[PDB]
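The figures here come from the full heavy-atom set of this structure, side chains too, leaving out hydrogens, waters and symmetry mates. Here is the naming used below: chain letters follow the sequence lines, and residue numbers restart at 1 for every chain.
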Amino acid sequence: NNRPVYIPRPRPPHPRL
Amino acid sequence: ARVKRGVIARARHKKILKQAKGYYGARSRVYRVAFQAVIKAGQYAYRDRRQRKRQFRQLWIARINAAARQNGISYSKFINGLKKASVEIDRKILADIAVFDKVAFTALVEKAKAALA
Amino acid sequence: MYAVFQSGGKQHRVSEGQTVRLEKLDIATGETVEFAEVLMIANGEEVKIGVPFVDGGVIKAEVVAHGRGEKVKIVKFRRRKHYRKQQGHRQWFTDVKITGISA
Amino acid sequence: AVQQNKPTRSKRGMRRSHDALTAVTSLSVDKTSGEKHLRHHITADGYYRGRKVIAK
Amino acid sequence: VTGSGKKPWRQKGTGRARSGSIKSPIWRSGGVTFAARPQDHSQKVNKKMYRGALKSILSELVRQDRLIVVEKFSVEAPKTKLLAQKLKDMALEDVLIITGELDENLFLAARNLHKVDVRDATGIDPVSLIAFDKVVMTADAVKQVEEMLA
Amino acid sequence: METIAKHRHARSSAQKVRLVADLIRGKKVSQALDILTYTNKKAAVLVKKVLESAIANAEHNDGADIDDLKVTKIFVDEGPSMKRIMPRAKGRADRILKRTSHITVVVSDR
Amino acid sequence: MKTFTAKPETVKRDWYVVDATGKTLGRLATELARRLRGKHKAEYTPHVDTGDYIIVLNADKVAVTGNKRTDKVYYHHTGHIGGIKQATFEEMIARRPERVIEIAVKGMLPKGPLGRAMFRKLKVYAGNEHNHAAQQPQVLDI
RNA sequence: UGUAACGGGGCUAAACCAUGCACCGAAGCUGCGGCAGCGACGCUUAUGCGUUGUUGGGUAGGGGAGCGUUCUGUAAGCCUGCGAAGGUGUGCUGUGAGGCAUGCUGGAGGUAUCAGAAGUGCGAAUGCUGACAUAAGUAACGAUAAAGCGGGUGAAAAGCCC
RNA sequence: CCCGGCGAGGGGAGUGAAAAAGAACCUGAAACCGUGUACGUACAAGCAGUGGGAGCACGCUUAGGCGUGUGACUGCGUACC
C-alpha cells in the first residue's frame, strides 16, 4: 500500500509580508 | 545469533498496562499513553506522600481549634499553655481526644488555662 | 479506659486488649514489652501529666508479628532532561497487642 | 474543516444515542379475517375494514 | 541486497518521510545494518601457557584420584562386547583411554562406545581431560607425556 | 435451553444491523416476528431469517412449545471486510471497505 | 489509628436565627460563613458538609461603615456585547436587600459542589418574620 | 471583549507606624525505622561489624556493579502427554531491570548451575510493513433526454421480458 | 435430519484423542468492535491523575474488620520527546 502521489500544486502568492 | 524481541516486549507492555488499570480511555488501553499516565501517577504518588503529612496536620489543628474555642480558648493560646505545662501530646492525639472524649479535652484546656495564668 | 504512649517517635492511643502496629523493635515475636512512657491515661476519672510521662503508669504489650508493610513504588522523573529513576520500599513494622494498662 | 483530535468512542456513542429506531407497536387486527396489519393499511391477503378490496 | 538505487519518491512535495533507496536497513525486505561476514574465531595461546595449563590439569586429576595408571591396555579381538566387559569389572563407564601406541584393535572396539574414548599421548587436548570423568593412562603413555611436556 | 442460531458473513454492516437487533432484544418470539415483519430495513429481513432459524432449531432439535420462547440474547459482531479500490479525482485512489457481520440470536424457554 | 471522618448521614444540623440589624456586613458575613462551613464543630471535615442551617432576619437593616453605603458598587456581566451592569449599595438594598448579604457569603465560601451545598443552608429574609418555626430555630446572638 | 491597578469576599482597622508575647508555616532541622558510598580505629584478616565520623539533587560526561533475551559447551545429564514452549489471570518476593508457585487455554518441547559468543532490550526518526480506528453511517452514487401503468417469471420486481 | 431461495449461513447427528482441529482449518496476543453483571453519572468547568474519603455490591474469618470492584465529595496537579 504505497500509492505514489504525482499531484503538483499551484504556486500561491508567497507570504512575502 | 538472531534474537527476536517479541516475548520480552510483550511482557514489558503488559506490566505497564496492568499498572495503568482503571484509567480512562486510551490511558488504560494504549501503551504509548499508558506509559505517560503511569509515570505521572508515580510522580504524584511521590509528591503526595509528603503532602499527606501536612494535610493531616492542618486537619488536626482545625479540629483542635474548633474544640478549644468551644471550651473558651484560642488554639494558639491553648497550645502555648500545654508547652508551659510540659505536655507532650501531639496534634493527632489532641484532635482524636476532642472528637471522642469531650471530658478529657475539657481537662486539657483547664490545665492549659492554669499554666497560662 | 485508654492510654496514650510514645513508642516509635509517634504517639498512639490504644484501648485495652487491642492490636496496634508500630515501628520495628528489637524484641522477639514471643516476648512482652514495656512502655513506661505513658503520656496520658483516661478512665471514668481523668488523670493528666503534671510532669510528662505520668508518675508510675506502664503499659504491658505482647509482640505478635514482625512483618513488612505494603510495597511503595518511588518514581523520580525529570521532564525533558533524560532522567528517570525507579525504587521500591517496604517499611518494617511490629504488631503488638496491649495486655494490661496500669494506673 | 477537519478535526484536530479524534473523538472518543464515548462521544461517538453519545451522538448515536438518537439513532435508535422505534417499533410500530400499533398492529391492528382485521375485523373479519383477524390478520395483523398496519393501521390504515390493507392486509397482506387484501382485506381492509373487513371487506375484501383487492380480490386478487 | 537485490534491488535498484532509484529513489522510491522525490525528495520534496511528498507528504511522507524522506527515502533514498528500497534497500535501507530501516525498510522491510532488505537491510541488516551490520551484516556478518565469515570470520575466524581462533585465538592465540602461548606454547608455555598451553603446557602450563596441561600440567595444571594433570596434577589436579591425580589429586582428585580421577587419573588411573595401569599396565598395557589391549583387547584380543576387535569386539565392542569385550571392551565393555573389560570396563565393567573396573567400575568405569565414562573413561578416556590414553595409550602410547595407537592400535586399530582398541580403536575399533571403542568406536561405538560413546562414553569411552581412545587416544594417543600426542593427540591430547585439555578439553578431553576435563570433560571425561576418568582418565586411564598406560605406562608407555605416561612416559611420552613428560617427554613432550618437558 | 441454548438453541443458538447465527448467520455469519452477512453483507450488511454491523452498525446498521445493530439498530434492528436492539429493537427485539429481550422480547418474546411472537412479538419479535411481527416487529421485524413491519420494520423497513434490510437488516430486518436478515435478522428475521436468523430468528426463524433459531425457532426452528428449538422446535426440532430441542423441546417443543415455541410459544413461550424469548430472545434472551442477540448481538451483532463485525466480520471480515473486503478491500476495494475506488478511483477518485486527480488520479487518486482510496479504499472501500465492504463490511460484513455475524448475527447471533439465542432463544430460550426460561 | 485512622483519623475520624464525619459521615454525612450521621450529622446533626441545628437551626439558628441571626438578626442582621445594625451589624457590619463583612463581619456578620464572615461569621455566617464559619457556621455554614461547620468549622466551629470538633467533627469538622473539609469534604463533608458539617455546617448548620442559619436564618438571617432584617437583611435590609444591615450597616456599612464609611462611604461604602454609596461608593460600594456591585458589577455583574450578562454575557453580551457590552452587558456590564453596576449597582450601588443603596440600589441593591432597594431592589433586593437580601441579595447583598448572600453575595457577601457567596465569596467567603469554597468554590465547588460542596461550597454550593453549604450555601443552600443559608436563608436570608428582608423582614423580621420567617416561616421556619417548625424547625425549632433557636436564637443565636452574634 | 468584562468589574479588571488588594488574587476575591470584604475591611475604618481585617490599613499604616512603634514595642511585645503567642501560633501557623518547606522535601530545612530533630525523633523513630531501613538502604548504600567513603575515611578511620577495636578486631574479623578473601567478611560481619559490640563500632566511629561523614556523605547520598543532577544535564553533557567519566567510573563501578547488575537484570533479561537467542545460540555453544557442561548435556545421550535434568524437567516434561497424571502436560513443555507460548497465551491469559492470580498470589508471593528483591532498593531495581526481574524472579518464583499456581488456575484456565495450549499441545511437544524446554533447560539448572558455571563459562563462551551476540543480528542482545524501542515510544518517537513527517521511520518501514500489515492490521484496525477517527471524521461517519457524513459527502457522494458520474451530464437536469423522463418516465407511467398492466401482465409474466421469481423467495423477492421502479431497473429483467412482453 | 431440520430452518433457508433445490441458496449462503446455521442447529443437530456422525468421524476423531480434540470440530471455540470443519478446510475462512496448529497455537490465536494487541489495537479495534460488541453482549451481560456490579458500581458511578443529567447544577457541574480544565493533562482526567494522585492524597483523603462516605455509600453501594460481592465474598472471608469473626460478628469487628480484611479483601475485590466502583467511587459521590475534597486538597494538590497545565502530556511525552
Could you list all N or O pairs between the protein and nucleotides 74-76 of chain H that sit under 3.5 Å apart?
unit_1: H/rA76; atom_1: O2'; unit_2: E/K115; atom_2: NZ; d: 3.4
unit_1: H/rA76; atom_1: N7; unit_2: E/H114; atom_2: ND1; d: 3.3

For nucleotides 96-98 of chain H, which of its nitrogen or oxygen atoms have a protein nitrogen or oxygen under 3.5 Å away, and what is each distance?
unit_1: H/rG96; atom_1: OP1; unit_2: C/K71; atom_2: NZ; d: 3.4
unit_1: H/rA97; atom_1: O3'; unit_2: B/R12; atom_2: NH1; d: 3.0
unit_1: H/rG98; atom_1: OP1; unit_2: B/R12; atom_2: NH1; d: 2.8

### Task
Keeping the roles fixed (side chain from G/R37, backbone from G/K39), state whether a donor-acceptor pair exists under 3.5 Å.
no
### Query
In whole Å, what is the span from the CD1 atom of F/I55 to the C1' atom of I/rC3?
10 Å
#### Entry: B/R27 side chain near I/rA48 phosphate (N/O to OP1/OP2, under 4.0 Å)
yes
### Task
Figure out the OH/P separation between B/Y24 and I/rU50, and round it to whole Å.
16 Å
#### Entry: Length of the CD1-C1' vector between F/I96 and H/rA139, whole Å
12 Å
### Message
With a 4.0 Å limit, can you tell me whether C/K81 has a side-chain N or O closer than that to the phosphate oxygens OP1/OP2 of H/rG58?
### Response
no
### Query
Counting only distance, no hydrogens or angles, is the base of I/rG75 paired donor-acceptor with the side chain of B/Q55 under 3.5 Å?
yes
### Query
Separation of B/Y31 atom OH from H/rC132 atom P, in whole Å?
25 Å
### Message
Has E/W9 got a side-chain atom pairing as donor or acceptor with E/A17's backbone, closer than 3.5 angstrom?
### Response
yes
### Task
Remember a base hit wins even if backbone is also touched, and classify G/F4 as base, sugar-phosphate or nothing at under 4.0 Å, heavy atoms.
nothing
### Query
How is the sugar of I/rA20 puckered by the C1'-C2'-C3'-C4' sign, north or south?
north
### Query
Counting just side-chain N and O atoms, does F/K83 come under 4.0 Å of either OP1 or OP2 of H/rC132?
yes
### Message
I'd like to know if the side chain of F/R25 and the backbone of F/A21 have a donor-acceptor N/O pair within less than 3.5 Å.
### Response
no
## Note on the structure
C1'-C2'-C3'-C4' sign, positive north and negative south, makes the H/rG152 sugar north
### Query
Looking only at heavy atoms, which two atoms of G/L109 and G/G115 are closest? And how far apart?
CD1-O, 4.3 Å
### Query
By side chain to side chain contact (heavy atoms under 4.5 Å, CB included), which residues pair with F/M1, not counting sequence neighbours?
F/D62
### Query
Which part of the nucleic acid, if any, lies within reach of G/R120 when heavy atoms closer than 4.0 Å are counted: base, sugar-phosphate only, or nothing?
nothing
### Query
With distance as the sole criterion, is a donor-acceptor pair present between the side chains of C/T94 and C/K24 under 3.5 Å?
no
### Query
NZ of G/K23 versus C1' of H/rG10: gap in Å, rounded?
17 Å
### Message
What contact category does C/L22 fall into here, base, sugar-phosphate, or nothing, at under 4.0 angstrom with non-hydrogen atoms?
### Response
nothing
Within the sub-3.5 Å range, which N or O atoms of nucleotides 157-162 of chain H have a protein N or O partner, and how far apart are they?
none

### Message
At a heavy-atom distance below 4.0 Å, what parts of residues 10-35 of chain E sit against RNA chain I?
### Response
none
### Task
Grab the CG-P distance between G/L36 and H/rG9 for me, whole Å please.
19 Å
### Message
Under 3.5 Å for both contacts, Watson-Crick or G-U wobble geometry: does that describe H/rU45 with H/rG154?
### Response
no
### Task
Would you indicate, from the sign of the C1'-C2'-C3'-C4' dihedral, whether H/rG25 has a north or a south sugar?
north
#### Entry: Selection from I/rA79, I/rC3, I/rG77 that lies nearest to any side-chain heavy atom of B/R47
I/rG77
### Query
Looking at the six-ring of each base, are H/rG150 and H/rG151 less than 5.5 angstrom apart at the centres and less than 30 degrees apart in plane?
yes
#### Entry: Sugar conformation, H/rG159 - torsion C1'-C2'-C3'-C4' sign
south
Please tabulate, for the side chains in residues 24-45 of chain B, all donor-acceptor contacts under 3.5 angstrom to protein atoms that are two or more places apart in sequence or on a different chain.
unit_1: B/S28; atom_1: OG; unit_2: B/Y23; atom_2: O; d: 2.6
unit_1: B/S28; atom_1: OG; unit_2: B/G25; atom_2: O; d: 3.0
unit_1: B/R29; atom_1: NH1; unit_2: B/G25; atom_2: O; d: 3.1

### Query
Given H/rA22, H/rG119, H/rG137, which nucleotide is nearest the side-chain atoms of F/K16?
H/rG137
### Query
So, does the side chain of B/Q58 form a donor-acceptor pair with the base of I/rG75 at under 3.5 Å?
no
Could you go over nucleotides 150-154 of chain H and give all protein N or O partners under 3.5 Å, atom names and distances?
unit_1: H/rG151; atom_1: OP1; unit_2: D/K56; atom_2: NZ; d: 3.0

### Query
Read from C1'-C2'-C3'-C4', is the pucker at H/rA4 north or south?
south
### Summary
Nearest-nucleotide check on RNA chain I, B/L59 vs B/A41; residue mapping nearer the 5' end is B/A41
### Query
Should G/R116 be listed as having a side-chain N or O under 4.0 Å from OP1 or OP2 of I/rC43?
no
### Query
In chain order, what residues pass the salt bridge (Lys or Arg N to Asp or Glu O under 4.0 Å) check against C/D26, with sequence neighbours excluded?
none
### Message
Please report the distance, rounded to the nearest Å, between CD1 in B/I73 and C1' in H/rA22.
### Response
11 Å
## Note on the structure
In whole angstroms, the gap separating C1' of H/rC92 from CZ of C/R68 amounts to 13 Å
### Message
Just to be sure I understand the rule, does G/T5 reach a base, reach only the sugar-phosphate, or reach nothing, if contact means heavy atoms closer than 4.0 Å?
### Response
sugar-phosphate
### Query
Are B/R5 and H/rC122 close enough that a side-chain N or O sits under 4.0 Å from OP1 or OP2?
yes
### Query
Can a side chain N or O of B/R32 be found less than 4.0 Å away from OP1 or OP2 on I/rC80?
no
### Query
Does any N or O donor sit under 3.5 Å from an N or O acceptor when you compare the side chain of G/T30 with the base of H/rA14?
yes
Show me the donor-acceptor pairs, under 3.5 Å and distance only, between side chains in residues 2-16 of chain B and residues at least two apart or in other chains.
none

### Query
In terms of side-chain heavy atoms of B/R54, which of H/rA13, H/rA26, I/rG51 is nearest?
H/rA26
### Sugar-phosphate or base contact per nucleotide [nucleotides 5-14 of chain I; S, B, -; heavy atom under 4.0 Å]
B-BBBBBS--
Return the polar atom pairs (N/O with N/O) between nucleotides 27-37 of chain I and the protein under 3.5 Å, or none.
unit_1: I/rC32; atom_1: OP1; unit_2: D/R9; atom_2: NH2; d: 2.9
unit_1: I/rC32; atom_1: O2; unit_2: F/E78; atom_2: OE2; d: 3.4
unit_1: I/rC33; atom_1: OP1; unit_2: D/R12; atom_2: NH2; d: 2.4
unit_1: I/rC33; atom_1: OP2; unit_2: D/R9; atom_2: NE; d: 3.0
unit_1: I/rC33; atom_1: OP2; unit_2: D/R9; atom_2: NH2; d: 3.3
unit_1: I/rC33; atom_1: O2'; unit_2: F/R18; atom_2: NH2; d: 3.1
unit_1: I/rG34; atom_1: OP1; unit_2: D/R12; atom_2: NH1; d: 3.3
unit_1: I/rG34; atom_1: OP1; unit_2: F/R18; atom_2: NH1; d: 3.2
unit_1: I/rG34; atom_1: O5'; unit_2: F/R18; atom_2: NH1; d: 2.6
unit_1: I/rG34; atom_1: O5'; unit_2: F/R18; atom_2: NH2; d: 3.4

#### Entry: Under the salt bridge (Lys or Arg N to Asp or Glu O under 4.0 Å) test, residues paired with C/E23 that sit two or more places apart
C/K10
### Message
Taking only side-chain N and O atoms of C/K24, does any of them lie within less than 4.0 angstrom of OP1 or OP2 on H/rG34?
### Response
yes
### Task
Respond yes when some side-chain nitrogen or oxygen of D/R15 is under 4.0 Å from OP1 or OP2 of H/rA135, and no when none is.
yes
